[PDB]
Amino acid sequence: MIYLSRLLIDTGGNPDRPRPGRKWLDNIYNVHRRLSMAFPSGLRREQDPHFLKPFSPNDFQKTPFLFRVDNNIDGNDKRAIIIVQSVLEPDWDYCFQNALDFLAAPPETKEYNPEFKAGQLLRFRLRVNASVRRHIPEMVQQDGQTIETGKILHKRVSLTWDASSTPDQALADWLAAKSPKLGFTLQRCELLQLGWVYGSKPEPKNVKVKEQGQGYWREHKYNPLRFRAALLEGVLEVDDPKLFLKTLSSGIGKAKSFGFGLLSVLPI
Amino acid sequence: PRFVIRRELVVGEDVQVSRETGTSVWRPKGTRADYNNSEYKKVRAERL
C-alpha cells in the first residue's frame, strides 16, 4: 500500500512578525531534512520521547519517499501545501511536537491503493528536473579574456532548445521520448512554470589536529545546490497496468531527494 | 647578670628589603569568557 500525507503552511499574515514556517521553505535541503526527521527508529523514539537530543542521521530510517510543494490556494487566505507519498507510515506528532508554529493545520495522512486498468484516461500533474549530461570545455578566469583548458568536464546541465522551437514543444518531446518505457502515453502536455530551485548544504572540513589526539577540530563549509524545475499538467493513457505502478512510487526523473519526482493522477 | 649594649642599623644601606613573593587576597575564580578569543570560536565551530 501507499501512504499519502498533506501538510499546510500559512505563508501570509503580518510581515513584521517572525514566520518560521514561511522561512523554512527557502532551502530545499532544510525541507528534505525536516521531512526525513519524520521517520524515526524504534530505539530512538524509546530513548528520546520528546525529540530533545542532538540530531544524527544514523538514527533515522532511510526510505525513498517523494514530496511536492504547491502554492496559491485561496479562500481569502494564503496556503502552501506539502504532499508526501511514502511506503511507510509517517510519524508527524514526533517531528513537529516542538515546532507547531510551522503549520497552520494539523497534518493529515491516509492510505492509497491505486488500481488502474489498461487504456484508462488520467489527469496528471508532475514537476521535472530538466537536466542532460554533456561534455563541456573548461573556460576559467574571464579576467577580461577567456582562457581555455584542455580538460573536458562531464557535467549535468540544463536542457536547451533551438531558436525556432518553444520550450513547451521541447519538453513534450523530451517526455514523450521516455514515455514508452515508463508505461503510459501522453495526449496533451502544457508547461505551467519554468525556473530554478536553490539550496545550501553543510559539509565538515578538517582544520587542525587535536593536541590530546583522537580527531581534529573541524569546521563547516557550505556547498550550493541548483536545479532546473519545470511543472507540467496534462492527460495520459495507461499502456499496461504493470509498468505504470512501477512508474508510480519511484519517480520520473532525477533529484528525487529534493521533491522532483511525483505523479499526481485523477480519474477523468 | 650580664652587660648589654644597644646599636642601630639603617635600612637601605646595610639591610636589604625582600619582595612579597606570594598572594594575600584569595578572591573567587574567573567567569566572563571572551567572545573574540580564537579558542572560543574554534570550540564553537566544533560544537556546531
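A quick note on method: Cβ atoms are made from the backbone with ideal geometry, for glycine too, and the neighbour counts reach across all protein chains shown. Taken together, the values in this text are just the output of simple stated rules run on the coordinates, not laboratory data.
Worth a mention:
- Among (1) under 26 Å from A:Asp26 (Cα atoms); (2) in contact (Cβ under 8 Å) with a residue 40 or more places away in the chain - the single one A:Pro204 does not satisfy: (2)
- Within chain B, the set of residues being within 14 Å of chain A (Cβ to nearest Cβ) and surrounded by 10 or more Cβ atoms within 10 Å (Cβ to Cβ) comprises B:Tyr40, B:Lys41, B:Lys42, B:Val43, B:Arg44, B:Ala45, B:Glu46.
- Count - residues of the range A:23-43 that are in contact with a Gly (Cβ under 8 Å, 6 or more places away or on another chain) and more than 18 Å from A:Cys95 (Cβ to Cβ): 0
- Single residue of B:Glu46, B:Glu8 found to be closer than 20 Å to A:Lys208 by Cβ and of a type outside the set (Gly, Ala, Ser): B:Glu46
- Boolean, A:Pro241 is surrounded by fewer than 13 Cβ atoms within 10 Å (Cβ to Cβ) and not aliphatic (A, V, I, L, M): no
- Among the criteria (1) within 19 Å of A:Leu66 (Cβ to Cβ); (2) within 14 Å of chain B (Cβ to nearest Cβ), the one A:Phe227 does not fulfil is (2).
- If only residues of the range A:230-268 that are touching a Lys or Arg at 6+ places or on another chain (Cβ under 6 Å) and among the small types (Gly, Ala, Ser) are counted, the one that is farthest from A:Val197 (Cα to Cα) is A:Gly234.
- Verdict on A:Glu233 being exposed (fewer than 13 other Cβ atoms within 10 Å of the Cβ) and either away from chain B (no Cβ under 14 Å) or more than 24 Å from A:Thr63 (Cα to Cα) (or both): no
- Qualifying residue in the range A:197-216 (condition: surrounded by 15 or more Cβ atoms within 10 Å (Cβ to Cβ), small (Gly, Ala, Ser) and over 16 Å from the mean Cα position of the chain (by Cα)): no
- Screening the candidates A:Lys62, A:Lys53 for the property of being farther than 14 Å from A:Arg33 by Cβ, out of contact with any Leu (no Cβ under 7 Å at 6 or more places or on another chain) and basic (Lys, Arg) yields one hit, A:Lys53.
- Against the test of being more than 14 Å from every other protein chain (Cβ to nearest Cβ), assigned to a helix (DSSP H, G or I) and among the polar types (S, T, N, Q), the options A:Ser250, A:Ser257 yield a single qualifying residue, A:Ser257.
- Residue check for A:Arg6: basic (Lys, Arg) and touching a strand residue (DSSP E or B) at 6+ places or on another chain (Cβ under 6 Å): yes
- Condition check for A:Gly195 on (1) in contact with a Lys or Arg (Cβ under 6 Å, 6 or more places away or on another chain); (2) over 30 Å from B:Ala45 (Cβ atoms); (3) not basic (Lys, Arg): one failure, at (1).
- Qualifying residue in the range A:69-91 (condition: within 17 Å of the chain's Cα centre (by Cα) and without any contact (Cβ under 8 Å) to a residue 60 or more places away in the chain): yes
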